Structures are given as C-alpha cells and as structure tokens.
C-alpha cells in the first residue's frame, strides 16, 4: 500500500484544534437552547451549519460520514448555501431594525460569515502534494485539516454572535413599533 498515517505531531495539532472547535459549538448549543424553532429559520440554519461542521471535524480525527476530499468539498458547499440563506434572513431583520448601532453590528457579523464561509470553501480542498524541495521528496499539505478546523471554529463563532445580534435587533424593532406593529417581525423569538 502507498499509504501512511499523519505524523503524531500533526495528529495532536489536529486534536487540540478540534477541542477549540467544540467550545464554540457548546456556545452555539447554549444560545439556541433558549428558543423554539418554528418561525425562526435563523435558529434552524445555525443548527444545520453546526450539524455539517460536525461532519467536517469528525473527518479529521477518523469518524463521521465524510470519507474523501470531495465529501469535504461537498460539506463546505452546503454550509455556504445555508449561510447564504442565513444572510438573506438576517439582512431582512436588520432592515426592520431602527437602532443603527445594532443594525450595523448585525450587518458586520454577516461579513464575517461570508468571509469564513469563503475560507472554509478554500480549506475544504485539504490538498496534498508531493514536492521536490530542499533536496528531498516530501509531502506537504499535512496541516490542510488543521486549517479546515480553524475555519470551522471561526465560522461557528460568527454564527453564534450573528444569532445573538439578530435577537437584539429583533427586540429593538418590537421596542419601537410594538407587538401590534402592522408588519410582523421577520423572525419570531419564543421559548
């Protein structure tokens, strides 16, 4: 077989990066716990994106339904689709919002999501090459999964702050126009 395992240093580097990712997913479960799902697709989408980023982390330690690079490339494209639908929703929430400090906070978090979705797309290549460098034949791109996790941790972080900022933007819309406002709030926040 022309196959070998990743070197222990990189395996440990992978593992320590997946715990960092689990802390941020903890935060996401905490935040979404509080809220009923019906009438809130921001919450549903955040859960979907977390579900997939879970397949992607599992991949890097040897578990989950992701088997080859094109699986990982596929996962990243789903996350980006779900993020794009989150952007549309949250954007609409920001347009109802009358408090500009919170309108602008929400819109800024949407930039982070677009950015980290992009970087997740790039990193999902987990590309590996043989290279003739420095007088030796070497394999490079062994950290390609370490960079994949750090993209997911960053995206996971931005999603949490985006859900929080969508809720704040919502309370300010109701604060100003009331729960009988002629136009209903874009998403509902119940328990």
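Positions refer to the first chain, counted from 1.
- Higher mean CA temperature factor, per the PDB entry, when comparing 90-98 with 107-115: 90-98.
- Comparing 31-39 with 46-54, the stretch with the higher mean C-alpha B-factor in the PDB entry is 31-39.
- Considering 133, 126, 163, 156 together, the PDB entry gives 126 the largest C-alpha B factor.
- In this PDB entry, residue 176 carries a Cα temperature factor that places it within the middle third of its chain's modelled residues.
- The deposited CA B-factor of residue 148 belongs to the middle third of values across its chain.
- In this PDB entry, the Cα temperature factor of residue 122 sits in the bottom third of its chain's modelled residues, the lowest group.
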